[PDB]
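Colleague:
4 protein chains.
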Amino acid sequence: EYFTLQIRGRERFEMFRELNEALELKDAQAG
Amino acid sequence: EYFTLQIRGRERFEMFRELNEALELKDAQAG
Amino acid sequence: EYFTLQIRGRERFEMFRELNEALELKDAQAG
Amino acid sequence: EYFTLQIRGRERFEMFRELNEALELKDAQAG
C-alpha cells in the first residue's frame with residue numbers, strides 16, 4: 326500500500342526523499 | 326513550493342507524517 | 326528513559342537534532 | 326567526526342536508530 330505525503334520546502338523534501346530511499350535500499354537487502 | 330513524496334507502508338507513512346507535522350509546528354512558532 | 330545515538334557527520338547530526346527537537350516541542354504541547 | 330544525540334523514549338530511539346543505520350548502509354555503497 327502506497328501513501329502520498331505533501332511536504333513544504335525543497336530542502337525539507339530533499340531530506341525526506343533521502344531518508345525514504347535509504348529505508349527502501351535497506352529493505353531490498355533486508356537488515 | 327509544495328512537493329509530494331510517495332511512501333510504501335502504513336507504518337512508514339505514519340512515521341514521516343508525524344515528523345513532517347512536527348517540523349511544521351516548530352516553524353509556525355519558529356525555534 | 327533516555328538513550329544515546331552516535332551519529333557520523335555534522336550535517337547528519339544537525340538534521341537528527343532538528344527532528345528530535347521538533348518531536349519534543351510537539352509533545353510539550355501534545356498534538 | 327562523530328556526534329552524540331540524547332533521545333527520550335525507546336520507540337523514538339528505535340526510529341532514529343533505524344534511520345541512521347539506513348543512511349550508513351546507503352553511504353557504504355554510495356547512492
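For the protein sequence lines, the chains are A, B, C and D, in the order given.
For the authors' numbering, count along the first sequence from 1 and bump the result up by 325.
For the authors' numbering, count along the second sequence from 1 and bump the result up by 325.
For the authors' numbering, count along the third sequence from 1 and bump the result up by 325.
For the authors' numbering, count along the fourth sequence from 1 and bump the result up by 325.
We put the beta carbon where it would ideally sit given N, CA and C, even for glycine.
1. Quick one: Cα of D:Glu326 to Cα of D:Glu336, how far?
2. Pull up the DSSP beta-bridge partners for B:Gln331, would you.
3. Is A:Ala347 helix, strand or coil by DSSP?
4. Looking at the structure shown, is A:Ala353 part of a helix, part of a strand, or coil, going by DSSP?
5. Identify the contact partners of A:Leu344 in chain D, using a Cβ-Cβ distance below 8 Å as the criterion.
6. Does the Cβ-Cβ distance between D:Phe341 and C:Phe341 come in under 8 Å?
7. Do you know how far the Cα of A:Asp352 is from the Cα of B:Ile332?
8. Taking CB distances under 8 Å as the criterion, tell me whether D:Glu336 reaches chain C.
9. So with CB distances below 7 Å, who are the chain A contacts of B:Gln354?
Modeller: The relevant details are as follows:
1. Your numbering for residue 326 of chain D matches position 1 in the fourth sequence. Your numbering for residue 336 of chain D matches position 11 in the fourth sequence. Taking the straight line joining both Cα atoms gives about 26 Å.
2. By one-based count along the second sequence, residue 331 of chain B stands at place 6. A:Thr329.
3. Position 22 of the first sequence, counted from the start, is the residue given in the question as residue 347 of chain A. Of the three classes helix, strand and coil, the one that applies to A:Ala347 here is helix, per DSSP.
4. The residue given as residue 353 of chain A occupies position 28 in the first sequence. Three-state result, A:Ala353: helix.
5. Translated into the one-based positions of the first sequence, residue 344 of chain A becomes position 19. Those are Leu344, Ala347, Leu348, listed as they occur along chain D.
6. The residue you call residue 341 of chain D lines up with position 16 of the fourth sequence. The residue you call residue 341 of chain C lines up with position 16 of the third sequence. Taking 8 Å as the Cβ cut-off, D:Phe341 and C:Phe341 qualify as a contacting pair.
7. Residue mapping note: residue 332 of chain B aligns to position 7 of the second sequence, counting from 1. Residue mapping note: residue 352 of chain A aligns to position 27 of the first sequence, counting from 1. Going from the Cα of B:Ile332 to the Cα of A:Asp352 covers about 13 Å.
8. Translated into positions along the fourth sequence, residue 336 of chain D becomes position 11. Chain C contact via Cβ: absent.
9. Here residue 354 of chain B is taken as the residue at index 29 of the second sequence, counted from 1. The contacting residues do not exist; B:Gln354 stays about 15 Å from chain A at best.
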